[PDB]
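Peer 1: Just one file: model19.pdb, with PDB, C-alpha atoms.
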ATOM      1  CA  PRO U   1     101.812  62.000 125.094  1.00  0.00           C
ATOM      2  CA  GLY U   2     103.739  64.847 126.806  1.00  0.00           C
ATOM      3  CA  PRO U   3     103.202  68.601 126.307  1.00  0.00           C
ATOM      4  CA  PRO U   4     103.771  70.481 123.039  1.00  0.00           C
ATOM      5  CA  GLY U   5     107.311  71.407 122.243  1.00  0.00           C
ATOM      6  CA  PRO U   6     108.908  74.798 122.367  1.00  0.00           C
ATOM      7  CA  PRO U   7     108.190  77.527 119.830  1.00  0.00           C
ATOM      8  CA  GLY U   8     110.298  77.383 116.709  1.00  0.00           C
ATOM      9  CA  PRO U   9     113.162  79.715 115.814  1.00  0.00           C
ATOM     10  CA  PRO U  10     112.378  83.315 115.016  1.00  0.00           C
ATOM     11  CA  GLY U  11     111.807  84.129 111.364  1.00  0.00           C
ATOM     12  CA  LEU U  12     114.439  85.607 109.088  1.00  0.00           C
ATOM     13  CA  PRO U  13     114.771  89.370 108.755  1.00  0.00           C
ATOM     14  CA  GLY U  14     112.366  91.167 106.472  1.00  0.00           C
ATOM     15  CA  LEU U  15     113.125  92.363 102.954  1.00  0.00           C
ATOM     16  CA  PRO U  16     114.912  95.665 102.650  1.00  0.00           C
ATOM     17  CA  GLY U  17     112.698  98.700 102.119  1.00  0.00           C
ATOM     18  CA  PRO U  18     112.246 100.347  98.745  1.00  0.00           C
ATOM     19  CA  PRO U  19     114.628 103.006  97.400  1.00  0.00           C
ATOM     20  CA  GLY U  20     114.343 106.419  98.962  1.00  0.00           C
ATOM     21  CA  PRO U  21     112.679 109.403  97.297  1.00  0.00           C
ATOM     22  CA  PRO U  22     114.371 111.158  94.396  1.00  0.00           C
ATOM     23  CA  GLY U  23     116.787 113.852  95.296  1.00  0.00           C
ATOM     24  CA  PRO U  24     116.135 117.549  94.801  1.00  0.00           C
ATOM     25  CA  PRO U  25     116.511 119.254  91.421  1.00  0.00           C
ATOM     26  CA  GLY U  26     120.084 120.228  90.648  1.00  0.00           C
ATOM     27  CA  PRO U  27     121.469 123.738  90.879  1.00  0.00           C
ATOM     28  CA  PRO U  28     120.224 126.390  88.451  1.00  0.00           C
ATOM     29  CA  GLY U  29     121.963 126.722  85.145  1.00  0.00           C
TER      30      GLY U  29
ATOM     31  CA  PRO Y   1     108.623  63.729 126.884  1.00  0.00           C
ATOM     32  CA  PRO Y   2     107.896  67.178 125.370  1.00  0.00           C
ATOM     33  CA  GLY Y   3     107.349  67.495 121.646  1.00  0.00           C
ATOM     34  CA  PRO Y   4     109.889  68.708 119.121  1.00  0.00           C
ATOM     35  CA  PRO Y   5     110.416  72.417 118.493  1.00  0.00           C
ATOM     36  CA  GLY Y   6     108.094  74.171 116.069  1.00  0.00           C
ATOM     37  CA  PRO Y   7     109.188  75.405 112.628  1.00  0.00           C
ATOM     38  CA  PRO Y   8     110.705  78.765 111.923  1.00  0.00           C
ATOM     39  CA  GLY Y   9     108.536  81.862 112.185  1.00  0.00           C
ATOM     40  CA  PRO Y  10     107.439  84.215 109.422  1.00  0.00           C
ATOM     41  CA  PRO Y  11     109.828  86.720 107.832  1.00  0.00           C
ATOM     42  CA  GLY Y  12     109.990  90.104 109.475  1.00  0.00           C
ATOM     43  CA  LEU Y  13     108.406  93.269 108.193  1.00  0.00           C
ATOM     44  CA  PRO Y  14     109.836  94.991 105.146  1.00  0.00           C
ATOM     45  CA  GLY Y  15     112.385  97.638 106.007  1.00  0.00           C
ATOM     46  CA  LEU Y  16     111.816 101.396 105.778  1.00  0.00           C
ATOM     47  CA  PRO Y  17     112.314 103.404 102.607  1.00  0.00           C
ATOM     48  CA  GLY Y  18     115.905 104.417 101.857  1.00  0.00           C
ATOM     49  CA  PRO Y  19     117.484 107.831 102.290  1.00  0.00           C
ATOM     50  CA  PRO Y  20     116.672 110.597  99.807  1.00  0.00           C
ATOM     51  CA  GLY Y  21     118.761 110.709  96.657  1.00  0.00           C
ATOM     52  CA  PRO Y  22     121.360 113.413  96.065  1.00  0.00           C
ATOM     53  CA  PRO Y  23     120.657 116.587  94.177  1.00  0.00           C
ATOM     54  CA  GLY Y  24     120.392 116.368  90.435  1.00  0.00           C
ATOM     55  CA  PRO Y  25     122.602 117.670  87.656  1.00  0.00           C
ATOM     56  CA  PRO Y  26     122.976 121.373  86.964  1.00  0.00           C
ATOM     57  CA  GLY Y  27     120.248 122.790  84.695  1.00  0.00           C
ATOM     58  CA  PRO Y  28     120.676 123.960  81.081  1.00  0.00           C
TER      59      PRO Y  28
ATOM     60  CA  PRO D   1     105.465  59.593 124.067  1.00  0.00           C
ATOM     61  CA  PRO D   2     106.742  62.846 122.537  1.00  0.00           C
ATOM     62  CA  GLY D   3     103.887  65.394 122.392  1.00  0.00           C
ATOM     63  CA  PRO D   4     103.026  67.588 119.421  1.00  0.00           C
ATOM     64  CA  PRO D   5     105.498  69.957 117.795  1.00  0.00           C
ATOM     65  CA  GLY D   6     105.612  73.404 119.234  1.00  0.00           C
ATOM     66  CA  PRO D   7     104.158  76.416 117.493  1.00  0.00           C
ATOM     67  CA  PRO D   8     105.881  78.381 114.720  1.00  0.00           C
ATOM     68  CA  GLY D   9     108.511  80.843 115.956  1.00  0.00           C
ATOM     69  CA  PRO D  10     107.771  84.544 116.213  1.00  0.00           C
ATOM     70  CA  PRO D  11     108.203  86.836 113.232  1.00  0.00           C
ATOM     71  CA  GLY D  12     111.648  87.979 112.258  1.00  0.00           C
ATOM     72  CA  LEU D  13     113.289  91.352 112.683  1.00  0.00           C
ATOM     73  CA  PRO D  14     112.376  94.302 110.469  1.00  0.00           C
ATOM     74  CA  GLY D  15     114.381  94.477 107.257  1.00  0.00           C
ATOM     75  CA  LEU D  16     117.151  96.951 106.510  1.00  0.00           C
ATOM     76  CA  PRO D  17     116.328 100.340 105.069  1.00  0.00           C
ATOM     77  CA  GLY D  18     116.327 100.582 101.302  1.00  0.00           C
ATOM     78  CA  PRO D  19     119.066 102.191  99.293  1.00  0.00           C
ATOM     79  CA  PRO D  20     119.251 105.912  98.669  1.00  0.00           C
ATOM     80  CA  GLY D  21     116.894 107.242  96.062  1.00  0.00           C
ATOM     81  CA  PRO D  22     118.098 108.342  92.635  1.00  0.00           C
ATOM     82  CA  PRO D  23     119.632 111.712  91.839  1.00  0.00           C
ATOM     83  CA  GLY D  24     117.117 114.503  91.416  1.00  0.00           C
ATOM     84  CA  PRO D  25     116.212 115.860  88.008  1.00  0.00           C
ATOM     85  CA  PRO D  26     118.431 118.449  86.349  1.00  0.00           C
ATOM     86  CA  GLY D  27     118.078 122.005  87.659  1.00  0.00           C
ATOM     87  CA  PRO D  28     116.166 124.906  86.195  1.00  0.00           C
ATOM     88  CA  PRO D  29     117.463 126.403  82.940  1.00  0.00           C
ATOM     89  CA  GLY D  30     119.210 129.772  83.046  1.00  0.00           C
TER      90      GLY D  30
END
Could you write out this file's structure as structure tokens?
Peer 2:
Amino acid sequence: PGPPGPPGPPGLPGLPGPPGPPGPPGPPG
Amino acid sequence: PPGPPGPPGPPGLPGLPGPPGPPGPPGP
Amino acid sequence: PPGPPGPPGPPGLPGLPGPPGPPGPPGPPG
């Protein structure tokens, strides 16, 4: 037949990353 | 004539880890 | 005579960054 068609659409964006690291300990008591 | 378009591509990479959390509560 | 389908698209964009982490632990005792 003729040549292959064009590439498909780009994929969807990736999942979001995981939560960030825990924050620092709070101020002294 | 040319073939149909291909299917959609794979999902992108997972995103980066989030920002650090805020400081914790005051201590005892 | 339509030829074969094209290849799969390229991979998507990188995802968004995650949310902020949790609050830190409570501070040192006095």
Peer 1: Tell me, as a PyMOL selection string, which residues lie within 8 Å of region 15-27 of chain Y, counting all atoms listed in the file; anything in the same chain fewer than 3 positions away does not count.
Peer 2: (chain U and resi 14-29) or (chain D and resi 14-30)
Peer 1: Figure out the distance between CA of residue 11 (chain D) and CA of residue 12 (chain Y), please, to one decimal in Å.
Peer 2: 5.3 Å
Peer 1: List as a PyMOL selection string the residues having at least one atom at most 9 Å from position (108.5, 71.5, 125.0) as given in the file, counting all atoms listed in the file.
Peer 2: (chain U and resi 2-7) or (chain Y and resi 1-5) or (chain D and resi 3-6)
Peer 1: What does the distance from CA of residue 10 (chain D) to CA of residue 1 (chain U) come to in Å, to one decimal?
Peer 2: 25.0 Å
Peer 1: Can you measure CA of residue 10 (chain Y) to CA of residue 8 (chain D) for me? One decimal in Å is fine.
Peer 2: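 These two atoms are separated by 8.0 Å.
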Peer 1: Would you write out, as an mmCIF file with C-alpha atoms, in the frame of the given file, every residue that the PyMOL selection byres ((chain Y and resi 9) around 8) captures in this file?
Peer 2:
data_model
loop_
_atom_site.group_PDB
_atom_site.id
_atom_site.type_symbol
_atom_site.label_atom_id
_atom_site.label_comp_id
_atom_site.auth_asym_id
_atom_site.auth_seq_id
_atom_site.Cartn_x
_atom_site.Cartn_y
_atom_site.Cartn_z
ATOM 1 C CA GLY U 8 110.298 77.383 116.709
ATOM 2 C CA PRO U 9 113.162 79.715 115.814
ATOM 3 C CA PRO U 10 112.378 83.315 115.016
ATOM 4 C CA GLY U 11 111.807 84.129 111.364
ATOM 5 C CA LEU U 12 114.439 85.607 109.088
ATOM 6 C CA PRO Y 7 109.188 75.405 112.628
ATOM 7 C CA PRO Y 8 110.705 78.765 111.923
ATOM 8 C CA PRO Y 10 107.439 84.215 109.422
ATOM 9 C CA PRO Y 11 109.828 86.720 107.832
ATOM 10 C CA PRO D 8 105.881 78.381 114.720
ATOM 11 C CA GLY D 9 108.511 80.843 115.956
ATOM 12 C CA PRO D 10 107.771 84.544 116.213
ATOM 13 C CA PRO D 11 108.203 86.836 113.232
ATOM 14 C CA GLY D 12 111.648 87.979 112.258
#
Peer 1: Could you give me the axis-aligned bounding box of region 24-29 of chain D, with 3 Å of padding per side, as centre plus edge lengths in Å to one decimal, as JSON?
Peer 2:
{"center_x": 117.3, "center_y": 120.5, "center_z": 87.2, "size_x": 8.3, "size_y": 17.9, "size_z": 14.5}
Peer 1: Generate the coordinates of N, CA and C atoms for region 6-26 of chain Y; report them as an mmCIF file, keeping the file's coordinate frame.
Peer 2:
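After the write, result07.cif holds the following:
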data_model
loop_
_atom_site.group_PDB
_atom_site.id
_atom_site.type_symbol
_atom_site.label_atom_id
_atom_site.label_comp_id
_atom_site.auth_asym_id
_atom_site.auth_seq_id
_atom_site.Cartn_x
_atom_site.Cartn_y
_atom_site.Cartn_z
ATOM 1 N N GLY Y 6 108.823 73.755 117.254
ATOM 2 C CA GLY Y 6 108.094 74.171 116.069
ATOM 3 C C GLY Y 6 108.991 74.637 114.935
ATOM 4 N N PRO Y 7 108.408 74.938 113.779
ATOM 5 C CA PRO Y 7 109.188 75.405 112.628
ATOM 6 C C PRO Y 7 109.487 76.877 112.747
ATOM 7 N N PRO Y 8 110.363 77.337 111.865
ATOM 8 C CA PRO Y 8 110.705 78.765 111.923
ATOM 9 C C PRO Y 8 109.491 79.665 111.695
ATOM 10 N N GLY Y 9 109.545 80.850 112.305
ATOM 11 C CA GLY Y 9 108.536 81.862 112.185
ATOM 12 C C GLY Y 9 108.538 82.585 110.840
ATOM 13 N N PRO Y 10 107.557 83.461 110.671
ATOM 14 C CA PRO Y 10 107.439 84.215 109.422
ATOM 15 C C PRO Y 10 108.541 85.240 109.240
ATOM 16 N N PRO Y 11 108.839 85.643 108.015
ATOM 17 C CA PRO Y 11 109.828 86.720 107.832
ATOM 18 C C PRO Y 11 109.374 87.980 108.539
ATOM 19 N N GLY Y 12 110.333 88.804 108.926
ATOM 20 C CA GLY Y 12 109.990 90.104 109.475
ATOM 21 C C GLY Y 12 109.378 91.073 108.485
ATOM 22 N N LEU Y 13 108.978 92.223 109.044
ATOM 23 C CA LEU Y 13 108.406 93.269 108.193
ATOM 24 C C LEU Y 13 109.394 93.830 107.192
ATOM 25 N N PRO Y 14 108.910 94.308 106.045
ATOM 26 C CA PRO Y 14 109.836 94.991 105.146
ATOM 27 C C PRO Y 14 110.452 96.203 105.840
ATOM 28 N N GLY Y 15 111.684 96.505 105.451
ATOM 29 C CA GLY Y 15 112.385 97.638 106.007
ATOM 30 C C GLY Y 15 111.798 98.964 105.514
ATOM 31 N N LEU Y 16 112.264 100.045 106.111
ATOM 32 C CA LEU Y 16 111.816 101.396 105.778
ATOM 33 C C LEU Y 16 112.382 101.863 104.447
ATOM 34 N N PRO Y 17 111.743 102.858 103.844
ATOM 35 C CA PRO Y 17 112.314 103.404 102.607
ATOM 36 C C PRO Y 17 113.703 103.985 102.867
ATOM 37 N N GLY Y 18 114.533 103.943 101.843
ATOM 38 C CA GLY Y 18 115.905 104.417 101.857
ATOM 39 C C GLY Y 18 116.005 105.922 102.030
ATOM 40 N N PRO Y 19 117.231 106.392 102.243
ATOM 41 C CA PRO Y 19 117.484 107.831 102.290
ATOM 42 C C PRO Y 19 117.119 108.529 100.973
ATOM 43 N N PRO Y 20 116.890 109.839 101.036
ATOM 44 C CA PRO Y 20 116.672 110.597 99.807
ATOM 45 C C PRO Y 20 117.923 110.560 98.935
ATOM 46 N N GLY Y 21 117.671 110.627 97.621
ATOM 47 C CA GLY Y 21 118.761 110.709 96.657
ATOM 48 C C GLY Y 21 119.442 112.072 96.738
ATOM 49 N N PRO Y 22 120.622 112.139 96.123
ATOM 50 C CA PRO Y 22 121.360 113.413 96.065
ATOM 51 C C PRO Y 22 120.728 114.364 95.059
ATOM 52 N N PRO Y 23 121.118 115.618 95.175
ATOM 53 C CA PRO Y 23 120.657 116.587 94.177
ATOM 54 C C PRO Y 23 121.039 116.217 92.758
ATOM 55 N N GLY Y 24 120.198 116.678 91.834
ATOM 56 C CA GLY Y 24 120.392 116.368 90.435
ATOM 57 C C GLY Y 24 121.505 117.182 89.786
ATOM 58 N N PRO Y 25 121.670 116.921 88.484
ATOM 59 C CA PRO Y 25 122.602 117.670 87.656
ATOM 60 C C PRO Y 25 122.243 119.137 87.504
ATOM 61 N N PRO Y 26 123.251 119.953 87.228
ATOM 62 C CA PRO Y 26 122.976 121.373 86.964
ATOM 63 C C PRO Y 26 122.041 121.536 85.766
#
